[PDB]
Amino acid sequence: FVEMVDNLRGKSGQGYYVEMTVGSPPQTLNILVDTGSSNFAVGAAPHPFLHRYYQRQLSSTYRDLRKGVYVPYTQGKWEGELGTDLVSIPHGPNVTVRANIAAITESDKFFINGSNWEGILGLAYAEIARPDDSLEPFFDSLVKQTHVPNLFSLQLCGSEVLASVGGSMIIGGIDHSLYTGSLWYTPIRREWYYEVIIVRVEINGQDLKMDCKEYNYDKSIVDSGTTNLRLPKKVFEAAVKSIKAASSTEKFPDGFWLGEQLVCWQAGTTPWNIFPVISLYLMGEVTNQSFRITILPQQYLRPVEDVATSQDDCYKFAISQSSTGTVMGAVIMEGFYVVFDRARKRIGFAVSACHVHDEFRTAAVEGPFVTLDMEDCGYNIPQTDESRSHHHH
Ligand SMILES: CN1C(=O)[C@]2(N=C1N)c1cc(-c3cccnc3F)ccc1O[C@H]1CCCO[C@@H]12
Ligand code: NI
């Protein structure tokens with residue numbers, strides 16, 4: 001899949017995007033690659049942060065669905081008009097599909113100044129699409145309309161401008177040049193988000209020793225659309241305590257641990273070895289097995305170049321608290337080649353050929369670990385009457 005290698009770009013902390021075309025003749029837009037959502041939505045009206053947008057009137061193949069869509073989320077929203085048009089990925093498979101497209105006509109805190117993307121590609125399942133699960137997501141349409149295998153994989157590679165990032169989205173396959181060592185699979189627990197189960201967490205080889213349901217409260221997901229590793233409150237607190245203890249030779253302000261303040265060292269002198277590795281053990285394909293993915297401080301301490309002190313290497317702490325479960329965001333994914341094997345309801349992890357490391361430690365994927373009489377680490381979200389009332393024909 002040589003032609004699909006290196007097809008992702010972006011600015012650090014602002015999401016990875018792929019080039020796509022919409023309409024006839026093709027209109028090129030840069031589109032955020034988001035495994036944590038399920039809509040294909042593109043700027044389709046002027047906005048201060050857009051240099052360009054989808055011009056429906058310029059497309060001979062555009063069809064209006066005569067239905068609006070409204071998408072609120074934590075401290076943001078986008079909304080607009082549903083339709084269909086022809087869509088391709090120039091540095092993807094050699095195919096063109098008719099997909100649903102939400103034409104974004106109004107938004108708040110959605111577009112990011114300087115991110116260089118104009119839309120979002122939700123790669124998750126129909127269950128979480130808006131307005132409802134009857135709006136077929138892009139990848140479903142791609143698979144149904146073409147011979148493209150039902151799988152994609154992601155290799156995310158992490159003074160006045162933010163650092164440029166790159167990576168690969170391989171659609172329809174696995175490219176062996178993008179990883180080394182073994183490729184380990186964890187089940188997709190349920191097809192909505194890419195939900196997985198964490199069975200154990202270690203910080204510098206030390207078990208956090210929590211009830212494993214705490215690791216997945218109220219879910220754990222793999223999300224390219226989240227920068228940070230996000231952890232449930234109780235888990236976050238235990239992790240921060242352990243990371244603080246390991247790095248105790250340095251006394252950082254509270255602002256740092258909250259991700260609200262950078263910490264710096266003289267260029268090239270960053271004491272990586274005082275920061276511990278973090279291991280997440282993921283449920284294996286076999287009942288009582290797990291494997292671990294291990295990330296370095298090179299992943300969870302994000303580089304931010306400072307104008308005021310350009311002679312220093314400065315870092316943001318990129319592990320943060322969640323009230324909506326574990327989020328394995330870019331912090332996790334940057335260590336690994338991640339295979340979203342939809343066909344076989346599983347997610348694969350292998351050491352990425354592009355991950356940032358040093359001569360002492362490396363991001364790792366290791367297994368199997370077998371546990372006698374494995375507990376169920378999955379959390380069952382309480383059923384609301386709202387959700388229960390839904391008929392599913
Ligand atoms: C959590 N999440 C969002 O809020 C979300 N996608 C995900 N996964 C998202 C992430 C980023 C973003 C910002 C910075 C860095 N990377 C990114 F992808 C920017 C906008 C955005 O829009 C949300 C619309 C509703 C569904 O979720 C979407
Ligand atoms: Ni009914």
Side-chain angles (χ1 to χ4, degrees), residues 8-18 29-43 47 49-50 69-80 100-135 137-139 154 156-158 162-167 169 192-196 218-231 259 302-304 316 318 320-334 338 340 387-393:
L8 303 182
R9 289 293 182 271
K11 290 289 189 162
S12 188
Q14 302 191 317
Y16 291 79
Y17 63 79
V18 70
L29 294 170
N30 285 333
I31 306 295
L32 176 69
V33 173
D34 187 13
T35 65
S37 72
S38 304
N39 281 85
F40 182 44
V42 300
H47 187 273
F49 301 159
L50 296 176
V69 56
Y70 166 71
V71 187
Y73 52 98
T74 315
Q75 285 141 47
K77 78 100 192 283
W78 67 258
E79 70 183 73
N100 293 311
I101 308 172
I104 301 167
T105 53
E106 283 194 8
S107 63
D108 189 43
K109 292 176 271 295
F110 178 69
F111 300 115
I112 297 177
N113 200 169
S115 72
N116 213 37
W117 55 258
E118 294 105 8
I120 185 166
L121 177 61
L123 291 170
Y125 299 95
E127 178 157 351
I128 58 168
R130 306 273 175 86
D132 58 67
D133 73 356
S134 73
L135 199 76
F138 172 85
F139 207 86
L154 293 173
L156 308 182
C157 310
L162 300 175
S164 280
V165 298
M169 176 173 66
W192 58 322
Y193 299 96
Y194 290 101
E195 182 184 3
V196 298
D218 57 351
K219 59 188 175 289
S220 297
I221 66 166
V222 181
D223 185 12
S224 65
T226 292
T227 299
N228 283 4
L229 168 63
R230 306 190 62 229
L231 297 170
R302 312 296 296 241
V304 183
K316 180 182 175 298
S320 58
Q321 193 176 126
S322 174
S323 60
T324 56
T326 296
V327 187
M328 296 163 61
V331 165
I332 291 291
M333 296 182 69
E334 283 169 11
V338 187
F340 294 78
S387 164
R388 175 168 52 255
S389 61
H390 286 327
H391 293 201
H392 307 281
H393 304 288

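Along the sequence shown, the residues carry numbers beginning at 1. Scope of the values below: all heavy atoms of this structure, side chains included, with no hydrogens, waters or symmetry mates. In each ligand, atom 1 is the first atom listed, and ligand 1 is the first ligand listed.
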- Should you measure from each heavy atom of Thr226, which atoms of ligand 1 turn up under 4.0 Å away? 1 (C)
- Message: Please determine whether side chain to side chain contact (heavy atoms under 4.5 Å, CB included) holds for the pair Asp223 and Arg230, giving the CA-CA distance in whole Å, both sets of side-chain angles, and the decisive distance to 0.1 Å.
- Response: CA-CA 10 Å; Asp223 185 12; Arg230 306 190 62 229; over 6 Å; no
- Message: Any nitrogen or oxygen of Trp78 lying under 3.5 Å from a nitrogen or oxygen in ligand 1? Just yes or no.
- Response: no
- Can you tell me the protein heavy atom closest to atom 13 (C) of ligand 1 and the distance? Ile112 CD1, 3.6 Å
- Note on the structure: Residue, atom and distance of the protein heavy atom nearest atom 21 (C) of ligand 1 read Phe110 CE1, 3.9 Å
- Note on the structure: Looking only at non-hydrogen atoms, the one of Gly225, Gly329, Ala41 nearest atom 7 (C) of ligand 1 is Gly225
- Residue part near ligand 1, for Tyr16, under 4.0 Å between non-hydrogen atoms: neither
- Note on the structure: Within the 4.0 Å heavy-atom cut-off, what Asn39 brings close to ligand 1 is neither
- Task: Would you kindly specify which portion of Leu32 sits under 4.0 Å from ligand 1, judged on non-hydrogen atoms: side chain, backbone, both or neither?
- Result: side chain
- Task: Could you tell me the residue and atom name of the protein heavy atom closest to atom 26 (C) of ligand 1, and the distance to it rounded to 0.1 Å?
- Result: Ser37 CB, 3.8 Å
- Item | Parallel, tilted or perpendicular, as decided by the 30° and 60° cut-offs, for the rings of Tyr73 and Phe110 | perpendicular
- Note on the structure: ligand 1 to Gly15, heavy atom cutoff 4.0 Å, flagged ligand atoms 15 (C), 16 (N)
- Query: When only distance counts, is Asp223 in polar contact with ligand 1, meaning an N/O pair under 3.5 Å?
  - Reply: yes
- Query: Can you tell me if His393 uses its side chain to pair, donor with acceptor, with the backbone of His391 under 3.5 Å?
  - Reply: no
- Query: At a 4.0 Å cut-off, with the gap strictly under it, does some heavy atom of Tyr17 reach an atom of ligand 1?
  - Reply: no
- Could you check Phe139, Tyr125, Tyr193, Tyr194 and say which one makes a ring-ring contact (aromatic ring centres under 6.0 Å, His included) with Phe340? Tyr194
- Message: With heavy-atom distances below 4.5 Å as the criterion, would you say the side chains of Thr227 and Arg302 are in contact?
- Response: yes
- Task: Please write down residue, atom name and distance for the protein heavy atom closest to atom 25 (C) of ligand 1.
- Result: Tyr73 CD2, 3.7 Å
- Query: Can you name the salt bridge (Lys or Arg N to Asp or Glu O under 4.0 Å) partners of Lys109, sequence neighbours left out?
  - Reply: none
- Within a distance under 4.0 Å of any heavy atom of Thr227, pick out the atoms of ligand 1 and give their elements. 15 (C)
- Item | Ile31 and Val42, any side-chain heavy atoms less than 4.5 Å apart | yes
- Item | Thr35 to ligand 1, any heavy atom closer than 4.0 Å | no
- Message: Checking side-chain contact (heavy atoms from CB on, under 4.5 Å) between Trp117 and each of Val33, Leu50, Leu32, which is the one that passes?
- Response: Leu32
- Are the side chain of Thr35 and the backbone N or O of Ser224 linked by a donor-acceptor pair below 3.5 Å? yes
- Restricting to N, O or S atoms of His391, which is nearest to the Ni ion (ligand 2)? ND1
- Determine whether any heavy atom of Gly13 lies closer than 4.0 Å to an atom of ligand 1. yes
- Query: Which residue and non-hydrogen atom of the protein lie closest to atom 6 (N) of ligand 1, and at what distance in Å?
  - Reply: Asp34 OD2, 2.6 Å
- Query: Taking atom types as modelled and ignoring hydrogens, do the side chains of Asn116 and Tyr17 form a donor-acceptor contact shorter than 3.5 angstrom?
  - Reply: yes
- Query: Do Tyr16 and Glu334 get their side chains close enough for a donor-acceptor pair, meaning under 3.5 Å?
  - Reply: yes
